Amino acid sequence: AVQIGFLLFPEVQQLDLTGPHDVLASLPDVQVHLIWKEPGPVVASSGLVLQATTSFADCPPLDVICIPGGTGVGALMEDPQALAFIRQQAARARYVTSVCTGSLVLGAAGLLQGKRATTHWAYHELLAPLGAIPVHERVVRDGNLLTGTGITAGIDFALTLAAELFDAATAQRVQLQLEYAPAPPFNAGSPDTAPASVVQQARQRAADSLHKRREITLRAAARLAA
């Protein structure tokens, strides 16, 4: 059975995780884990309560690891237990993946040094201090590393993983079974397509978080420099 693991942490953006989870859990001969320091409840940033299924110590060796984003990323970037677990699993995983600001956690773990990567548009300036080559594309692959932008990036890249782990017909069948054919009613999902007034509002609302994450990123980078 292919072993797929998602990191589940307090203040996660739950859709970053629950999207790819439901897609990948539809595949045959896959076991999906929700990993935290111990099994039990973990509260997402919206208040939705999820349940971790395994601890770091009990998690099997993973074929795919996926790091979601969310408000809670800031704490995770300075959590030595979580970062050590990610490094351990990434050493042998076939795919190391992240959604949105989850790539900042990969960066804090040292796994983006010299690698092309993306992250959420409002935090993109934090990639270079973590050693990455920043790329403004929705899905960026570099070897076995996949980083994606958008709350549903993991749905799309889960179909790519399905095709590579199994075959294209299997990925197509899952897509059809889920009737997955999105059609957003607005075209404001990128700072390059949204109205300038909307971009301003979104930037202003992220400013305090960006300021705090600049400070955290510099401390994380100092640890990588040691």
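Residue numbers run from 1 along the displayed sequence.
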Legend entry - 31-39 set against 174-182, stretch whose average Cα temperature factor tops the other in the entry: 31-39
Legend entry - Higher-scoring stretch by recorded Cα B factor average, 66-74 or 52-60: 52-60
Legend entry - Out of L159, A44, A188, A169, highest CA B-factor residue: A169
Inset, instruction - Tell me, lowest, middle or highest third: where does the Cα B factor of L218 rank within its chain? - result: lowest
Inset, instruction - Would you mind checking where the Cα B-factor of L210 ranks among the modelled residues of its chain, as the lowest, middle or highest third? - result: middle
Legend entry - Chain-relative CA temperature factor third for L8: lowest
Inset, instruction - Tell me, lowest, middle or highest third: where does the Cα B factor of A84 rank within its chain? - result: middle
Legend entry - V99, C-alpha B-factor rank within chain (lowest, middle or highest third): lowest
